[PDB]
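Source file target_29.csv; content: CSV, C-alpha atoms and all ligand atoms.
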```csv
chain,number,residue,atom,x,y,z
J,1,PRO,CA,-4.4,18.6,26.4
J,2,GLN,CA,-2.2,18.9,23.4
J,3,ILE,CA,-0.2,15.8,22.4
J,4,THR,CA,2.9,15.8,20.2
J,5,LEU,CA,4.0,12.9,18.0
J,6,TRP,CA,7.7,12.5,18.8
J,7,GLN,CA,6.4,9.7,21.1
J,8,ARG,CA,3.6,7.2,20.8
J,9,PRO,CA,0.3,8.9,21.7
J,10,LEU,CA,-0.3,6.5,24.6
J,11,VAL,CA,-3.0,7.1,27.3
J,12,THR,CA,-4.4,5.4,30.3
J,13,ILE,CA,-8.1,4.5,30.1
J,14,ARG,CA,-10.4,2.9,32.7
J,15,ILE,CA,-12.5,0.1,31.3
J,16,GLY,CA,-14.3,-0.1,34.6
J,17,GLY,CA,-12.7,-1.8,37.4
J,18,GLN,CA,-9.5,-1.8,35.4
J,19,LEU,CA,-7.0,0.6,33.9
J,20,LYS,CA,-5.3,0.0,30.6
J,21,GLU,CA,-2.9,1.8,28.2
J,22,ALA,CA,-4.4,2.6,24.7
J,23,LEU,CA,-3.1,4.3,21.6
J,24,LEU,CA,-5.1,7.3,20.4
J,25,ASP,CA,-5.4,6.4,16.7
J,26,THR,CA,-6.8,8.7,14.0
J,27,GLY,CA,-6.2,5.9,11.4
J,28,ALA,CA,-8.6,3.5,13.0
J,29,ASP,CA,-12.3,3.6,12.3
J,30,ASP,CA,-13.0,1.5,15.4
J,31,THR,CA,-11.8,0.8,19.0
J,32,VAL,CA,-9.9,-2.6,19.6
J,33,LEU,CA,-8.5,-4.0,22.8
J,34,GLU,CA,-6.5,-7.0,23.7
J,35,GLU,CA,-8.4,-10.0,24.6
J,36,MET,CA,-10.3,-9.3,27.9
J,37,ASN,CA,-13.6,-10.1,29.5
J,38,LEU,CA,-16.4,-7.6,29.5
J,39,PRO,CA,-19.9,-7.4,30.9
J,40,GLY,CA,-22.0,-7.8,27.8
J,41,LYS,CA,-23.6,-9.9,25.1
J,42,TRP,CA,-21.4,-10.1,21.9
J,43,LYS,CA,-21.4,-10.8,18.2
J,44,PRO,CA,-18.5,-12.0,16.1
J,45,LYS,CA,-17.2,-9.5,13.5
J,46,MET,CA,-14.2,-9.2,11.2
J,47,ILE,CA,-11.8,-6.1,10.9
J,48,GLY,CA,-8.7,-5.3,8.9
J,49,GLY,CA,-5.3,-3.6,9.2
J,50,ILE,CA,-2.2,-3.9,7.0
J,51,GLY,CA,-1.6,-7.6,7.2
J,52,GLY,CA,-5.2,-8.7,6.6
J,53,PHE,CA,-8.5,-9.8,8.4
J,54,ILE,CA,-9.0,-11.0,12.0
J,55,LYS,CA,-12.1,-12.2,13.9
J,56,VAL,CA,-13.0,-10.0,16.8
J,57,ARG,CA,-16.1,-9.8,19.0
J,58,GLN,CA,-18.2,-6.8,19.4
J,59,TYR,CA,-19.5,-5.3,22.6
J,60,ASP,CA,-22.1,-2.5,22.1
J,61,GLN,CA,-22.4,0.5,24.5
J,62,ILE,CA,-19.4,0.2,27.0
J,63,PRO,CA,-18.5,3.3,29.0
J,64,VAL,CA,-14.8,4.1,28.7
J,65,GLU,CA,-13.0,7.0,30.3
J,66,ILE,CA,-10.1,8.2,28.1
J,67,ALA,CA,-7.8,10.5,30.3
J,68,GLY,CA,-10.7,11.4,32.4
J,69,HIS,CA,-13.0,12.0,29.4
J,70,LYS,CA,-16.2,10.0,29.2
J,71,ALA,CA,-17.2,8.1,26.0
J,72,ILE,CA,-20.0,5.4,25.6
J,73,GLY,CA,-20.0,3.2,22.5
J,74,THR,CA,-18.7,0.0,20.8
J,75,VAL,CA,-15.6,-1.9,21.8
J,76,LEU,CA,-14.0,-4.7,19.7
J,77,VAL,CA,-11.8,-7.3,21.5
J,78,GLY,CA,-9.5,-9.7,19.8
J,79,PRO,CA,-5.9,-10.3,18.7
J,80,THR,CA,-4.6,-6.8,18.2
J,81,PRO,CA,-0.9,-6.0,18.8
J,82,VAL,CA,-1.7,-2.7,20.7
J,83,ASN,CA,-5.0,-1.6,22.4
J,84,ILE,CA,-6.2,1.2,20.1
J,85,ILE,CA,-8.8,4.0,20.5
J,86,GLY,CA,-10.5,4.7,17.2
J,87,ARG,CA,-12.4,7.5,15.7
J,88,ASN,CA,-15.7,6.2,17.1
J,89,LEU,CA,-14.6,7.2,20.7
J,90,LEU,CA,-12.3,10.1,19.8
J,91,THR,CA,-15.2,12.1,18.3
J,92,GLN,CA,-17.1,11.6,21.6
J,93,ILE,CA,-14.3,13.3,23.4
J,94,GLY,CA,-14.0,15.9,20.5
J,95,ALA,CA,-10.5,15.0,19.4
J,96,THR,CA,-9.1,16.8,16.2
J,97,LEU,CA,-5.8,17.0,14.4
J,98,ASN,CA,-4.0,20.4,14.3
J,99,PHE,CA,-0.9,21.5,12.3
C,1,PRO,CA,-5.7,23.4,9.7
C,2,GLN,CA,-7.9,21.5,12.2
C,3,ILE,CA,-9.2,18.1,10.9
C,4,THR,CA,-12.2,16.7,12.7
C,5,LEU,CA,-12.5,12.8,12.9
C,6,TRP,CA,-16.1,12.4,11.8
C,7,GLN,CA,-14.6,10.8,8.7
C,8,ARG,CA,-11.2,9.2,8.0
C,9,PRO,CA,-8.6,12.0,7.9
C,10,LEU,CA,-7.5,11.8,4.1
C,11,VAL,CA,-5.1,14.5,2.8
C,12,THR,CA,-3.3,15.1,-0.6
C,13,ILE,CA,0.5,14.8,-0.5
C,14,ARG,CA,3.2,15.0,-3.3
C,15,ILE,CA,6.0,12.3,-3.5
C,16,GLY,CA,7.8,11.9,-7.0
C,17,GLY,CA,5.6,13.7,-9.6
C,18,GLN,CA,2.5,12.5,-8.0
C,19,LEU,CA,-0.3,14.0,-6.0
C,20,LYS,CA,-1.9,11.2,-3.8
C,21,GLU,CA,-4.5,10.8,-1.1
C,22,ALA,CA,-3.2,9.4,2.2
C,23,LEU,CA,-4.6,8.7,5.6
C,24,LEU,CA,-3.1,10.6,8.6
C,25,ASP,CA,-2.4,8.0,11.2
C,26,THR,CA,-1.2,8.7,14.7
C,27,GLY,CA,-1.0,4.9,15.3
C,28,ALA,CA,1.6,4.3,12.5
C,29,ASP,CA,5.3,4.6,13.5
C,30,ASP,CA,6.2,4.7,9.8
C,31,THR,CA,4.9,6.1,6.4
C,32,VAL,CA,3.7,3.5,4.0
C,33,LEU,CA,2.8,3.9,0.4
C,34,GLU,CA,1.2,1.6,-2.0
C,35,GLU,CA,3.4,0.0,-4.7
C,36,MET,CA,5.1,2.7,-6.8
C,37,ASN,CA,8.2,2.9,-8.9
C,38,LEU,CA,10.7,5.2,-7.2
C,39,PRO,CA,14.3,5.5,-8.3
C,40,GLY,CA,16.9,4.8,-5.6
C,41,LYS,CA,18.4,2.1,-3.5
C,42,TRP,CA,16.1,0.7,-0.9
C,43,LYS,CA,16.7,-2.0,1.7
C,44,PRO,CA,14.0,-4.6,2.4
C,45,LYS,CA,11.8,-5.0,5.5
C,46,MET,CA,8.7,-6.2,7.2
C,47,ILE,CA,6.0,-4.2,9.0
C,48,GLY,CA,2.8,-5.5,10.6
C,49,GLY,CA,-0.4,-4.4,12.3
C,50,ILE,CA,-3.8,-5.9,12.5
C,51,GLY,CA,-3.7,-9.2,10.5
C,52,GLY,CA,0.1,-9.8,10.0
C,53,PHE,CA,3.2,-8.5,8.3
C,54,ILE,CA,3.6,-7.4,4.7
C,55,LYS,CA,7.0,-7.1,3.0
C,56,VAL,CA,8.0,-3.6,1.8
C,57,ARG,CA,10.9,-1.5,0.4
C,58,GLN,CA,12.6,1.1,2.5
C,59,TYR,CA,13.6,4.3,0.6
C,60,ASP,CA,15.5,7.0,2.7
C,61,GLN,CA,15.3,10.8,2.4
C,62,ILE,CA,12.3,11.1,0.2
C,63,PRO,CA,10.8,14.6,0.1
C,64,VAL,CA,7.1,15.0,0.5
C,65,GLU,CA,4.6,17.8,1.0
C,66,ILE,CA,1.7,17.0,3.3
C,67,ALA,CA,-0.9,19.5,2.3
C,68,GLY,CA,1.5,22.3,1.5
C,69,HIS,CA,4.1,21.5,4.2
C,70,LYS,CA,7.4,19.9,3.3
C,71,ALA,CA,8.9,16.9,5.0
C,72,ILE,CA,11.8,14.6,4.1
C,73,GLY,CA,12.1,11.1,5.5
C,74,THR,CA,11.9,7.4,5.0
C,75,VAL,CA,8.8,6.0,3.2
C,76,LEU,CA,8.0,2.3,2.9
C,77,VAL,CA,6.5,1.0,-0.5
C,78,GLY,CA,4.6,-2.3,-0.6
C,79,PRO,CA,1.1,-3.6,-0.9
C,80,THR,CA,-1.0,-1.6,1.6
C,81,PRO,CA,-4.8,-1.2,1.0
C,82,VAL,CA,-4.2,2.5,1.6
C,83,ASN,CA,-1.4,5.1,1.7
C,84,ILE,CA,-0.5,5.9,5.3
C,85,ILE,CA,1.3,8.9,6.8
C,86,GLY,CA,3.0,8.0,10.1
C,87,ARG,CA,4.5,10.0,12.8
C,88,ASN,CA,8.0,10.1,11.3
C,89,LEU,CA,6.5,12.7,8.9
C,90,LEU,CA,3.7,14.2,11.1
C,91,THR,CA,6.3,15.3,13.6
C,92,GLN,CA,7.9,17.3,10.8
C,93,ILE,CA,4.8,19.4,9.8
C,94,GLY,CA,4.1,20.1,13.5
C,95,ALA,CA,0.8,18.1,14.0
C,96,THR,CA,-0.7,17.5,17.4
C,97,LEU,CA,-3.8,15.8,18.8
C,98,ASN,CA,-5.9,18.1,20.9
C,99,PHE,CA,-8.9,17.3,23.2
Z,101,LIG,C1,-4.9,0.0,5.7
Z,101,LIG,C2,-4.4,0.2,7.1
Z,101,LIG,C3,-5.1,1.4,7.6
Z,101,LIG,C4,-4.4,2.1,8.8
Z,101,LIG,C5,-4.4,1.5,10.2
Z,101,LIG,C6,-3.6,2.2,11.3
Z,101,LIG,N1,-3.4,1.2,12.2
Z,101,LIG,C7,-2.1,1.1,12.9
Z,101,LIG,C8,-2.3,0.7,14.3
Z,101,LIG,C9,-1.5,0.5,15.5
Z,101,LIG,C10,-0.8,-0.8,15.7
Z,101,LIG,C11,-1.7,-2.0,15.6
Z,101,LIG,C12,-1.1,0.3,12.2
Z,101,LIG,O1,-1.1,-0.7,11.5
Z,101,LIG,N2,0.1,0.7,12.5
Z,101,LIG,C13,1.4,0.0,11.9
Z,101,LIG,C14,1.4,0.4,10.5
Z,101,LIG,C15,2.2,0.4,9.2
Z,101,LIG,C16,3.5,0.6,9.9
Z,101,LIG,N3,3.9,-0.6,10.4
Z,101,LIG,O2,4.1,1.6,9.9
Z,101,LIG,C17,2.4,0.3,13.0
Z,101,LIG,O3,2.7,1.3,13.6
Z,101,LIG,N4,2.8,-0.9,13.3
Z,101,LIG,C18,3.9,-1.0,14.4
Z,101,LIG,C19,3.7,-2.5,14.9
Z,101,LIG,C20,2.5,-2.6,15.8
Z,101,LIG,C21,2.8,-1.9,17.1
Z,101,LIG,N5,2.5,-0.5,17.3
Z,101,LIG,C22,3.2,0.7,17.2
Z,101,LIG,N6,4.5,0.6,17.2
Z,101,LIG,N7,2.6,1.9,17.2
Z,101,LIG,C23,5.2,-0.8,13.6
Z,101,LIG,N8,6.1,0.0,13.9
Z,101,LIG,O4,5.5,-1.4,12.6
Z,101,LIG,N9,-5.8,1.2,10.7
Z,101,LIG,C24,-6.1,0.1,11.3
Z,101,LIG,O5,-5.1,-0.7,11.4
Z,101,LIG,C25,-7.5,0.0,11.8
Z,101,LIG,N10,-8.3,-0.6,10.6
Z,101,LIG,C26,-9.2,0.0,10.0
Z,101,LIG,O6,-9.5,1.2,10.4
Z,101,LIG,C27,-10.0,-0.7,8.9
Z,101,LIG,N11,-11.4,-0.7,9.3
Z,101,LIG,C28,-12.2,-1.7,9.4
Z,101,LIG,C29,-13.6,-1.3,9.7
Z,101,LIG,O7,-11.7,-2.8,9.4
Z,101,LIG,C30,-10.1,-0.2,7.5
Z,101,LIG,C31,-9.0,0.6,6.8
Z,101,LIG,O8,-10.5,-1.4,6.7
Z,101,LIG,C32,-8.4,-0.6,12.9
Z,101,LIG,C33,-9.9,0.1,13.2
Z,101,LIG,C34,-8.8,-2.0,12.8
Z,101,LIG,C35,-10.3,-2.3,13.3
```
Could I get this file's structure written as structure tokens?
Ligand SMILES: CCCC[C@@H](CN[C@@H](CCCC)C(=O)N[C@@H](CCC(N)=O)C(=O)N[C@@H](CCCNC(N)=[NH2+])C(N)=O)NC(=O)[C@@H](NC(=O)[C@@H](NC(C)=O)[C@@H](C)O)[C@@H](C)CC
Amino acid sequence: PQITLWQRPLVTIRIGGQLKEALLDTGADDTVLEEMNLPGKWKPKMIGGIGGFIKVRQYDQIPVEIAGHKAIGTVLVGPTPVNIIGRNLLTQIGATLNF
Amino acid sequence: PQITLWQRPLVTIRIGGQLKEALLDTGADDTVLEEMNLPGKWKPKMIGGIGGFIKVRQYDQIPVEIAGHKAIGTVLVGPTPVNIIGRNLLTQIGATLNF
């Protein structure tokens, strides 16, 4: 599908068992989700945005389905204001910007 | 064009007499430039994201050119680690996400 930017580029994703709402974001290297439990082993990491640094926890190899598209890779969970889908998963689904 | 997301999508824009590199960000509601001396009245404000809020200056009706496509709109100036082009302006040059 083609998505226009007059509205927030918001999509439903399954994070297995559950359904969430995430923001397709070109401006994010990685994927970060609101604090939730996942089936995995994790390691503490730090990421940045406009206001500074935050501690998150990394989960390697989690299958995510973005609008019915399949992706398998890293997922960071911590105190992010909006769930966001980064370039790490977008490239798996073959997302590009057109103008 | 068609920009792939293997790397951060960085483009050259013109604001004032300057050519600058900015990140195309579908997860930014607004456009935010790093500290720069523009003429004009501004109103102050706060924007946040990962990490917290930073204080910035709001300038209205500032004409740009995002890689040879003109736009006009509000731009925020403050201490961002990077120049960011939000949707306010991407909506003007006809950019979509496609997968
Ligand atoms: C230097 C900043 C670079 C741009 C920025 C775009 N992020 C959006 C994300 C979506 C909301 C969290 C952002 O801050 N958006 C603001 C930006 C500036 C602005 N405020 O216009 C925005 O829309 N904020 C909303 C408030 C949050 C709600 N969301 C929303 N309305 N869309 C708003 N209107 O003010 N990227 C990020 O915030 C991401 N950070 C990175 O990609 C950083 N990478 C690492 C490895 O840490 C790198 C640059 O150091 C992700 C990967 C963190 C792991």
Neighbours of ligand LIG 101 (chain Z) at 9 Å or closer, counting all atoms listed in the file: which residues, as number ranges by chain?
J: 8-9, 23, 25-32, 46-54, 56, 76, 80-87; C: 8, 23-32, 46-51, 53-54, 76, 80-87
Present chain C as a PDB file with C-alpha atoms, in the frame of the given file, least-squares fitted onto chain J over all of its C-alpha atoms paired in order.
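Saved file selection-v2.pdb follows:
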```pdb
ATOM      1  CA  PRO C   1      -4.269  18.545  26.423  1.00  0.00           C
ATOM      2  CA  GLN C   2      -2.008  18.790  23.337  1.00  0.00           C
ATOM      3  CA  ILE C   3      -0.110  15.528  22.501  1.00  0.00           C
ATOM      4  CA  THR C   4       2.918  15.917  20.292  1.00  0.00           C
ATOM      5  CA  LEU C   5       3.789  12.928  17.917  1.00  0.00           C
ATOM      6  CA  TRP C   6       7.483  12.592  18.674  1.00  0.00           C
ATOM      7  CA  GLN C   7       6.488   9.298  20.280  1.00  0.00           C
ATOM      8  CA  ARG C   8       3.435   7.035  19.869  1.00  0.00           C
ATOM      9  CA  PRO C   9       0.457   8.804  21.485  1.00  0.00           C
ATOM     10  CA  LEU C  10      -0.301   6.314  24.471  1.00  0.00           C
ATOM     11  CA  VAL C  11      -2.974   7.358  27.022  1.00  0.00           C
ATOM     12  CA  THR C  12      -4.574   5.622  30.118  1.00  0.00           C
ATOM     13  CA  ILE C  13      -8.281   4.794  29.780  1.00  0.00           C
ATOM     14  CA  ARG C  14     -10.753   2.921  32.135  1.00  0.00           C
ATOM     15  CA  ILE C  15     -13.088   0.153  30.701  1.00  0.00           C
ATOM     16  CA  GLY C  16     -14.528  -2.448  33.311  1.00  0.00           C
ATOM     17  CA  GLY C  17     -12.431  -2.087  36.522  1.00  0.00           C
ATOM     18  CA  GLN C  18      -9.319  -1.631  34.594  1.00  0.00           C
ATOM     19  CA  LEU C  19      -6.943   1.182  33.865  1.00  0.00           C
ATOM     20  CA  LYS C  20      -5.113   0.429  30.500  1.00  0.00           C
ATOM     21  CA  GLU C  21      -2.701   2.067  28.111  1.00  0.00           C
ATOM     22  CA  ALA C  22      -4.027   2.576  24.572  1.00  0.00           C
ATOM     23  CA  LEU C  23      -2.806   4.163  21.410  1.00  0.00           C
ATOM     24  CA  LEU C  24      -4.805   7.137  19.990  1.00  0.00           C
ATOM     25  CA  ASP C  25      -5.304   6.383  16.358  1.00  0.00           C
ATOM     26  CA  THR C  26      -6.865   8.720  13.851  1.00  0.00           C
ATOM     27  CA  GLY C  27      -6.533   5.952  11.192  1.00  0.00           C
ATOM     28  CA  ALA C  28      -8.786   3.449  13.095  1.00  0.00           C
ATOM     29  CA  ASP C  29     -12.555   3.631  12.360  1.00  0.00           C
ATOM     30  CA  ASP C  30     -13.169   1.474  15.439  1.00  0.00           C
ATOM     31  CA  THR C  31     -11.835   0.908  19.060  1.00  0.00           C
ATOM     32  CA  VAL C  32     -10.072  -2.344  19.581  1.00  0.00           C
ATOM     33  CA  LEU C  33      -8.965  -3.899  22.789  1.00  0.00           C
ATOM     34  CA  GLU C  34      -6.853  -6.841  23.490  1.00  0.00           C
ATOM     35  CA  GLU C  35      -8.568 -10.028  24.751  1.00  0.00           C
ATOM     36  CA  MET C  36     -10.489  -9.317  27.975  1.00  0.00           C
ATOM     37  CA  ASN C  37     -13.411 -10.863  29.746  1.00  0.00           C
ATOM     38  CA  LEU C  38     -16.355  -8.467  29.600  1.00  0.00           C
ATOM     39  CA  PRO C  39     -19.862  -9.452  30.594  1.00  0.00           C
ATOM     40  CA  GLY C  40     -22.528  -8.935  27.918  1.00  0.00           C
ATOM     41  CA  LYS C  41     -23.761 -10.187  24.622  1.00  0.00           C
ATOM     42  CA  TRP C  42     -21.485  -9.465  21.739  1.00  0.00           C
ATOM     43  CA  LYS C  43     -21.869 -10.283  18.053  1.00  0.00           C
ATOM     44  CA  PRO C  44     -18.869 -11.535  16.059  1.00  0.00           C
ATOM     45  CA  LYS C  45     -16.882  -9.739  13.332  1.00  0.00           C
ATOM     46  CA  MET C  46     -13.778  -9.227  11.321  1.00  0.00           C
ATOM     47  CA  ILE C  47     -11.561  -6.139  11.039  1.00  0.00           C
ATOM     48  CA  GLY C  48      -8.335  -5.747   9.056  1.00  0.00           C
ATOM     49  CA  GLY C  49      -5.481  -3.359   8.356  1.00  0.00           C
ATOM     50  CA  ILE C  50      -1.919  -3.885   7.415  1.00  0.00           C
ATOM     51  CA  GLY C  51      -1.362  -7.697   7.180  1.00  0.00           C
ATOM     52  CA  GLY C  52      -4.977  -9.106   7.165  1.00  0.00           C
ATOM     53  CA  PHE C  53      -8.096  -9.537   9.232  1.00  0.00           C
ATOM     54  CA  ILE C  54      -8.376 -10.745  12.809  1.00  0.00           C
ATOM     55  CA  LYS C  55     -11.640 -12.035  14.301  1.00  0.00           C
ATOM     56  CA  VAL C  56     -13.062 -10.051  17.256  1.00  0.00           C
ATOM     57  CA  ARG C  57     -16.129  -9.632  19.536  1.00  0.00           C
ATOM     58  CA  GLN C  58     -18.361  -6.633  19.250  1.00  0.00           C
ATOM     59  CA  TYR C  59     -19.684  -5.287  22.610  1.00  0.00           C
ATOM     60  CA  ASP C  60     -22.129  -2.241  22.376  1.00  0.00           C
ATOM     61  CA  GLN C  61     -22.484   0.696  24.788  1.00  0.00           C
ATOM     62  CA  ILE C  62     -19.402   0.205  26.835  1.00  0.00           C
ATOM     63  CA  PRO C  63     -18.446   3.232  28.941  1.00  0.00           C
ATOM     64  CA  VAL C  64     -14.892   4.405  28.923  1.00  0.00           C
ATOM     65  CA  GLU C  65     -12.892   7.373  30.160  1.00  0.00           C
ATOM     66  CA  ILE C  66     -10.092   8.513  27.880  1.00  0.00           C
ATOM     67  CA  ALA C  67      -7.831  10.409  30.182  1.00  0.00           C
ATOM     68  CA  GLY C  68     -10.558  11.817  32.378  1.00  0.00           C
ATOM     69  CA  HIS C  69     -13.209  12.253  29.645  1.00  0.00           C
ATOM     70  CA  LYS C  70     -16.148   9.895  29.401  1.00  0.00           C
ATOM     71  CA  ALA C  71     -17.304   8.175  26.263  1.00  0.00           C
ATOM     72  CA  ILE C  72     -19.743   5.318  25.630  1.00  0.00           C
ATOM     73  CA  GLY C  73     -19.618   3.227  22.482  1.00  0.00           C
ATOM     74  CA  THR C  74     -18.821  -0.012  20.793  1.00  0.00           C
ATOM     75  CA  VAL C  75     -15.414  -1.636  21.546  1.00  0.00           C
ATOM     76  CA  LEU C  76     -14.042  -4.661  19.707  1.00  0.00           C
ATOM     77  CA  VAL C  77     -12.102  -7.376  21.797  1.00  0.00           C
ATOM     78  CA  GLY C  78      -9.722  -9.779  20.045  1.00  0.00           C
ATOM     79  CA  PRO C  79      -6.053 -10.408  19.631  1.00  0.00           C
ATOM     80  CA  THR C  80      -4.481  -7.027  18.760  1.00  0.00           C
ATOM     81  CA  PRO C  81      -0.750  -6.400  19.566  1.00  0.00           C
ATOM     82  CA  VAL C  82      -1.949  -3.172  21.164  1.00  0.00           C
ATOM     83  CA  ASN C  83      -5.110  -1.486  22.497  1.00  0.00           C
ATOM     84  CA  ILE C  84      -6.398   1.038  19.972  1.00  0.00           C
ATOM     85  CA  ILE C  85      -8.743   4.005  20.404  1.00  0.00           C
ATOM     86  CA  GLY C  86     -10.539   4.851  17.141  1.00  0.00           C
ATOM     87  CA  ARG C  87     -12.531   7.737  16.024  1.00  0.00           C
ATOM     88  CA  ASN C  88     -15.878   6.381  17.236  1.00  0.00           C
ATOM     89  CA  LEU C  89     -14.607   7.383  20.722  1.00  0.00           C
ATOM     90  CA  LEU C  90     -12.246  10.309  19.829  1.00  0.00           C
ATOM     91  CA  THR C  91     -15.170  12.169  18.340  1.00  0.00           C
ATOM     92  CA  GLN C  92     -16.831  11.937  21.744  1.00  0.00           C
ATOM     93  CA  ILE C  93     -14.017  13.594  23.830  1.00  0.00           C
ATOM     94  CA  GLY C  94     -13.721  16.365  21.202  1.00  0.00           C
ATOM     95  CA  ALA C  95     -10.205  15.587  19.727  1.00  0.00           C
ATOM     96  CA  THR C  96      -8.901  17.272  16.624  1.00  0.00           C
ATOM     97  CA  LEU C  97      -5.698  17.210  14.576  1.00  0.00           C
ATOM     98  CA  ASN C  98      -4.141  20.609  14.205  1.00  0.00           C
ATOM     99  CA  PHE C  99      -1.243  21.765  11.926  1.00  0.00           C
TER     100      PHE C  99
END
```
Return the single residue from C:99, C:14, C:91, C:20 that is closest to residue 67 of chain J, with distances computed using all atoms listed in the file.
C:99
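In this structure, atom CA of residue 7 of chain J sits 11.2 Å away from atom CA of residue 96 of chain C.
We find atom CA of residue 63 of chain J and atom CA of residue 21 of chain J to be spaced 15.7 Å apart.
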Considering all atoms listed in the file, return as a list in words whatever protein or nucleic-acid residues lie within 12 Å of residue 42 of chain J, sequence-local ones (same chain, fewer than 6 positions apart) excluded.
residues 56, 57, 58, 59, 60, 61, 62, 74, 75, 76 and 77 of chain J
Just want the 12 Å neighbourhood of residue 18 of chain C, counted on all atoms listed in the file, with same-chain residues fewer than 3 positions away dropped. Output as an mmCIF file with C-alpha atoms, in the coordinates of the input.
```
data_model
loop_
_atom_site.group_PDB
_atom_site.id
_atom_site.type_symbol
_atom_site.label_atom_id
_atom_site.label_comp_id
_atom_site.auth_asym_id
_atom_site.auth_seq_id
_atom_site.Cartn_x
_atom_site.Cartn_y
_atom_site.Cartn_z
ATOM 1 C CA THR C 12 -3.300 15.100 -0.600
ATOM 2 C CA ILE C 13 0.500 14.800 -0.500
ATOM 3 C CA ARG C 14 3.200 15.000 -3.300
ATOM 4 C CA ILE C 15 6.000 12.300 -3.500
ATOM 5 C CA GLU C 21 -4.500 10.800 -1.100
ATOM 6 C CA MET C 36 5.100 2.700 -6.800
ATOM 7 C CA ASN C 37 8.200 2.900 -8.900
ATOM 8 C CA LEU C 38 10.700 5.200 -7.200
ATOM 9 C CA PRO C 63 10.800 14.600 0.100
ATOM 10 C CA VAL C 64 7.100 15.000 0.500
ATOM 11 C CA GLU C 65 4.600 17.800 1.000
#
```
Would you fill the gaps in segment 69-80 of chain C so it has N, CA, C and O atoms, then print it as a CSV table (one decimal), keeping the file's coordinate frame?
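The resulting part_3.csv:
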```csv
chain,number,residue,atom,x,y,z
C,69,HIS,N,3.1,21.5,3.2
C,69,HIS,CA,4.1,21.5,4.2
C,69,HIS,C,5.1,20.5,3.9
C,69,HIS,O,4.8,19.3,3.7
C,70,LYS,N,6.4,20.9,3.7
C,70,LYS,CA,7.4,19.9,3.3
C,70,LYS,C,8.0,19.1,4.4
C,70,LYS,O,8.2,19.5,5.5
C,71,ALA,N,8.3,17.9,4.0
C,71,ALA,CA,8.9,16.9,5.0
C,71,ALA,C,9.9,16.2,4.2
C,71,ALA,O,9.9,16.4,2.9
C,72,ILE,N,10.8,15.4,4.8
C,72,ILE,CA,11.8,14.6,4.1
C,72,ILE,C,11.9,13.4,5.0
C,72,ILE,O,12.0,13.8,6.1
C,73,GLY,N,11.9,12.2,4.5
C,73,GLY,CA,12.1,11.1,5.5
C,73,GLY,C,12.0,9.9,4.8
C,73,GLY,O,12.0,10.0,3.5
C,74,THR,N,12.0,8.8,5.5
C,74,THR,CA,11.9,7.4,5.0
C,74,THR,C,10.4,7.2,4.8
C,74,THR,O,9.6,7.8,5.5
C,75,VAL,N,10.1,6.5,3.8
C,75,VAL,CA,8.8,6.0,3.2
C,75,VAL,C,9.0,4.5,2.9
C,75,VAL,O,10.1,4.2,2.4
C,76,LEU,N,8.0,3.7,3.2
C,76,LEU,CA,8.0,2.3,2.9
C,76,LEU,C,7.1,2.1,1.7
C,76,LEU,O,6.0,2.6,1.7
C,77,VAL,N,7.3,1.3,0.7
C,77,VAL,CA,6.5,1.0,-0.5
C,77,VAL,C,6.3,-0.5,-0.5
C,77,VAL,O,7.2,-1.3,-0.3
C,78,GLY,N,5.0,-0.8,-0.6
C,78,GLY,CA,4.6,-2.3,-0.6
C,78,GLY,C,3.1,-2.2,-0.8
C,78,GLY,O,2.6,-1.1,-1.0
C,79,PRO,N,2.5,-3.4,-0.7
C,79,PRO,CA,1.1,-3.6,-0.9
C,79,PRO,C,0.2,-3.2,0.2
C,79,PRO,O,-0.3,-4.2,0.7
C,80,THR,N,-0.1,-2.0,0.6
C,80,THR,CA,-1.0,-1.6,1.6
C,80,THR,C,-2.3,-1.3,0.9
C,80,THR,O,-2.3,-0.8,-0.2
```
